[PDB]
Every structure is written in structure tokens, then in C-alpha cells.
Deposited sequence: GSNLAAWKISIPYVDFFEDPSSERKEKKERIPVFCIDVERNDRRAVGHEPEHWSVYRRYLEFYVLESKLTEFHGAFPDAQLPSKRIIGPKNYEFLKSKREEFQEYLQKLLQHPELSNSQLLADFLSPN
């Protein structure tokens, strides 16, 4: 996974979602706030616990706030980006699955 990702915006599934563009091959995937936290949970389970690569404290929000997802947009982007930089994860199906279309 020498993949490049960005989270240009947050969108709606009608339900506010993160839109991730992935790189010349390209596509986008839609991920719910919660989906990130289970990703991090599982990844940490099978691969350890990369400092630097840390999701912010999970908020005890309810569906649905748009503006809140908008604000975490950058942090979440940084997370995935720093994730992709570690090896060991370069072969994680978990990560790959997370980043695959829709």
C-alpha cells in the first residue's frame, strides 16, 4: 500500500459520512465516524499501537452531526495518511478493505 488518500469533504448517505478519495487509478469510499474507531480498534488488536497514528478521543455523540464530522475531517485524514506510512500495515487486509470502493 503505497496508496495516497484524502478526505476532501463530509457528505450524506441519507446520515453524515466521510468521503475518502483514493489514488493513475482512483476512487472514493464512504465511511461512518464509527467505522474509523472499529478500524483503529482492530488494527491495534492485530498490529500493536502506533503512537503518532492515533484517532482523537471518540466523542460520545449521537447521530448525527454534520458540523462535528466536518471538524474532525482533517485529523482523520492525517490518521489514515500516517497509517499508510508504517510498513506492517502495508499488508493489512483491514486497512485495504477500509479503503476500497463504497
Comparing the deposited sequence against the modelled residues, what ranges come up empty for C-alpha?
1 to 4, 19 to 30, 40 to 49
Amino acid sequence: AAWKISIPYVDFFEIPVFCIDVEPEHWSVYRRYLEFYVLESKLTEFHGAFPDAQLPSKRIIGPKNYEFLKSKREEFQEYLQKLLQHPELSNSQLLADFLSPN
From here on, numbers count along this sequence of modelled residues.
Select between 67 to 75 and 30 to 38 the stretch whose C-alpha atoms have the higher average B-factor in the entry.
67 to 75
So which stretch wins on mean C-alpha B-factor, 41 to 49 or 57 to 65?
57 to 65
According to the PDB entry, is the CA B factor of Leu84 in the bottom, middle or top third of its chain, that is, lowest, middle or highest?
middle
Going by the CA temperature factor in the PDB record, which third of the chain does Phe13 belong to: lowest, middle or highest?
highest
Could you look up the Cα B-factor of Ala2 in the entry and say which third of the chain it sits in: lowest, middle or highest?
highest
Rank-wise, by C-alpha B-factor, drop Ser92 into the lowest, middle or highest third of its chain.
middle
